[PDB]
Amino acid sequence: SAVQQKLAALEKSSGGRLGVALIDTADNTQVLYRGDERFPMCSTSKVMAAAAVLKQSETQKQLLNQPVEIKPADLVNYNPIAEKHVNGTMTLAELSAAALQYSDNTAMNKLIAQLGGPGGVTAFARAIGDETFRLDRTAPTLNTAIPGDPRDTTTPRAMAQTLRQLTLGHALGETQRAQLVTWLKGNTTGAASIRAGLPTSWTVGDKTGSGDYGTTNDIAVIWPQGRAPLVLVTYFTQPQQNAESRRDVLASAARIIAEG
Ligand SMILES: *C(=O)[C@@H](NC(=O)[C@H](N)c1ccccc1)[C@@H]1N[C@@H](C(=O)O)C(C)(C)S1
């Protein structure tokens, strides 16, 4: 098709490996590029950890208000929010917001501990029908993004289908789904990614991710005013371990997609 040629064109211009999946929920049609390929999710896996805690909240109604200690042993490479509350507590809602809207790695690890380990995150993915997602490690080592390593990976197709079920479908409760949607709106880390390639009149909820080998990821759910919603997944990784981030590729992929 035409979109596949331009996506393949910008992948060649980038020197890396692009993975794209858009779900057009108007006709339930799909446009995919390397859609069944394994990519490191990096911090985009935090959506699955936040959604899994939200699923736990459908029986323990008062769970997001439960305080959780933050103390020096908990801090790792990048903790923009949990750094402010060391030797204090942080409720599971403020850690979920820190993980989604600021990509706080300590918040992720607290989300992972609440679920009983990374196997508890993968469990929730299998329960909602995702057989491809797998979380193996905690932050920050889940961002190693070594080529060929199946650890902490998924495919663009699977993550787009899952993100549709979480934010648009009914894999979560309505109070849970509205909370995750409201969280993805408040994201502060995706200005130069998928958002930069979409019309400004388009409201977007997204979660970014980045790691070694220049991995630059972004998953988004998009609501054009007057039109049926879209979910977009753009994964990108590079051959050099020390490669720099390429958020511009993610914006250009979304621009090629938005022209459809
Ligand atoms: C997940 O993607 C996280 N990335 C890391 O922990 C990497 N070790 C790292 C890469 C680059 C700079 C700092 C740490 C966090 N999520 C990224 C993102 O959302 O773009 C991040 C750069 C904010 S860190």
Side-chain angles (χ1 to χ4, degrees), residues 14 16-19 38-52 70 74-84 90 94-113 118 121-122 125 133-147 149 151-156 159 162-163 180 183-198 204-221 232-254:
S14 68
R17 179 174 69 101
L18 191 45
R38 291 225 155 251
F39 293 81
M41 323 171 252
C42 296
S43 289
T44 62
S45 64
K46 289 168 181 155
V47 176
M48 194 76 66
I70 324 292
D74 282 323
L75 289 291
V76 298
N77 64 325
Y78 185 69
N79 332 111
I81 309 306
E83 235 184 85
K84 302 246 181 193
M90 273 194 66
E94 334 176 299
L95 293 147
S96 290
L100 297 185
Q101 320 172 327
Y102 292 85
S103 231
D104 194 297
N105 287 335
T106 284
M108 182 51 147
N109 291 348
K110 296 271 172 213
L111 277 205
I112 296 189
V121 173
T122 305
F133 172 101
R134 63 179 282 158
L135 182 48
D136 294 274
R137 291 163 299 174
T138 71
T141 79
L142 71 84
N143 306 304
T144 53
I146 283 133
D149 186 11
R151 282 167 336 151
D152 317 278
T153 59
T154 197
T155 65
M159 174 66 75
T162 284
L163 178 72
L180 177 73
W183 272 326
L184 295 162
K185 302 342 217 303
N187 186 42
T188 88
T189 87
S193 294
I194 280 170
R195 284 153 190 280
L198 297 191
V204 159
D206 86 289
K207 182 62 193 92
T208 57
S210 80
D212 299 350
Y213 290 75
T215 304
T216 316
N217 307 324
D218 200 18
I219 57 172
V221 57
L232 186 52
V233 169
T234 61
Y235 287 151
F236 178 73
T237 199
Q238 302 174 80
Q240 309 75 345
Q241 159 168 273
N242 37 52
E244 235 157 44
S245 295
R246 286 297 288 288
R247 291 145 182 121
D248 69 291
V249 177
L250 297 194
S252 301

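Both ligands and their constituent atoms are indexed starting at 1 by order of listing. Positions are given from 1, in the same order as the sequence printed here. Values below: every heavy atom of this structure, side chains too, minus hydrogens, waters and symmetry copies.
In terms of protein heavy-atom proximity, atom 24 (S) of ligand 1 is closest to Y78 CD2, 4.0 Å.
Side-chain contact of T208 with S193: a donor-acceptor pair under 3.5 Å is absent, judged by distance alone.
When every heavy atom of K207 is checked against every heavy atom of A99, the shortest pair comes out as CE-O, 3.3 Å.
On a distance-only criterion, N105 and ligand 1 share at least one N/O pair closer than 3.5 Å. The shortest N or O to N or O distance between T44 and ligand 1 is not below 3.5 Å. The distance criterion of under 3.5 Å between nitrogen or oxygen atoms is not met by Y102 with respect to ligand 1.
Atom numbering of ligand 1 starts at 1 in the shown order; those under 4.0 Å from a heavy atom of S43 are 1 (C), 2 (O), 3 (C), 4 (N), 15 (C), 16 (N). Set against the non-hydrogen atoms of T208, the atoms of ligand 1 under 4.0 Å away are 18 (C), 19 (O), 20 (O). In the vicinity of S103, heavy-atom distances shorter than 4.0 Å reach the ligand 1 atoms 15 (C), 16 (N), 19 (O), 23 (C). Taking every heavy atom of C42 and a limit of under 4.0 angstrom, the matching atoms of ligand 1 come to 2 (O).
Only the side chain of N77 comes within contact range of ligand 1, with a heavy atom under 4.0 Å; no backbone atom does.
For atom 5 (C) of ligand 1, the choice among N143, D212, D218, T141 with the nearest heavy atom turns out to be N143. Nearest-heavy-atom check against atom 7 (C) of ligand 1 across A139, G209, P140, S210 picks out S210.
Each of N105, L95, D104 was compared with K110 under the side-chain contact (heavy atoms from CB on, under 4.5 Å) criterion, and only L95 meets it.
Residues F133 and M41 form a side-chain contact, since some pair of their non-hydrogen atoms from C-beta on lies under 4.5 Å apart. Contact of the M108 side chain with the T138 side chain is not registered, since no non-hydrogen atoms from C-beta on lie closer than 4.5 Å. Looking only at side-chain heavy atoms (C-beta outward), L250 and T216 come within less than 4.5 Å of each other. Side-chain contact between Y235 and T215: absent, with no pair of heavy atoms (C-beta onward) separated by less than 4.5 Å.
At a distance under 4.0 Å, a protein heavy atom can be found next to atom 18 (C) of ligand 1.
Atom CD1 of residue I194 and atom OG of residue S252 lie 12.0 Å apart, to the nearest 0.5 angstrom.
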